[PDB]
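Only one chain is given next, in structure tokens, and it is the form deposited in one PDB entry.
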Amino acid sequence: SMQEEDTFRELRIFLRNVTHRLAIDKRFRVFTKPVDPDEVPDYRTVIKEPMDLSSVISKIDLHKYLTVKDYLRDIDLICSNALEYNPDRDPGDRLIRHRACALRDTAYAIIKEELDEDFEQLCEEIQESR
């Protein structure tokens, strides 16, 4: 229905706003673009599903996310990719792990404060009807 297409258009507006708030934070710069295969040719042999905040906006605009749950699976993938590629005790690996955990915690905190649970349940029920 038109009403259902309006619901998904409101979900995309919400997700673009959360994503741009994460992308402007200086802590999260390393997560804003894909890893450059030139600088890091080993990356795509270790990490089987790369993800970054520029790819997430592209996916919002392609109508890939029908629920906030499917958006948070990609935020969780950005974080888990950083934890698995950079697991060592040295300061450069510990700094990117701390930033990855902060990106995940910040996204979940904005959603807890600003997403209405009944709006998410409506999106889930339209998705399950299709």
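Throughout, we count residues from 1 along the sequence that is shown.
Peer 1: For the higher mean C-alpha B factor in the entry, choose 117 to 125 or 10 to 18.
Peer 2: Between 10 to 18 and 117 to 125, it is 117 to 125 that shows the higher mean C-alpha B-factor.
Peer 1: Going by the B-factors listed in the PDB entry, is the mean over the C-alpha atoms higher for 32 to 40 or for 96 to 104?
Peer 2: Going by the record's values, the stretch with the higher mean is 32 to 40.
Peer 1: Can you tell me whether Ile47 has a C-alpha B-factor in the lowest, middle or highest third compared with the other modelled residues of the same chain?
Peer 2: Highest third of the chain for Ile47's C-alpha B-factor.
Peer 1: Could you place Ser80 in the lowest, middle or highest third of its chain by Cα temperature factor, using the values in the record?
Peer 2: As the PDB entry reports it, the C-alpha B-factor of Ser80 lands in the middle third of its chain.
Peer 1: Among all modelled residues of this chain, ranked by Cα B factor, put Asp61 in the bottom, middle or top third, i.e. lowest, middle or highest.
Peer 2: Answer is middle: the recorded C-alpha B-factor places it there.
Peer 1: By the record's CA B-factor, is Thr67 among the lowest, middle or highest third of residues in the chain?
Peer 2: Lowest third of the chain for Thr67's C-alpha B-factor.
Keep in mind that the form solved in complex with a partner chain is missing from the display, and what follows is about it.
Peer 1: In the deposited complex, does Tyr65 come within 4.5 Å of its partner chain, counting heavy atoms only?
Peer 2: Looking in the deposited complex, residue contacts with its partner chain do not include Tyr65, since no heavy atom lies within 4.5 Å.
Peer 1: Examine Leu72 and determine whether its closest non-hydrogen atom to its partner chain in the deposited complex is within 4.5 angstroms.
Peer 2: Close contact is absent here: in the deposited complex, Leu72 is far from its partner chain, nothing within 4.5 Å, heavy atoms only.
Peer 1: Spell out, yes or no, whether the shortest heavy atom distance between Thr32 and its partner chain in the deposited complex is within 4.5 Å.
Peer 2: Judged by the heavy-atom cut-off of 4.5 Å, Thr32 is well away from its partner chain in the deposited complex.
Peer 1: May I ask you to state whether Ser80 is within 4.5 Å of its partner chain in the deposited complex, using heavy atom distances?
Peer 2: The answer is no: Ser80 has no heavy atom within 4.5 Å of its partner chain.
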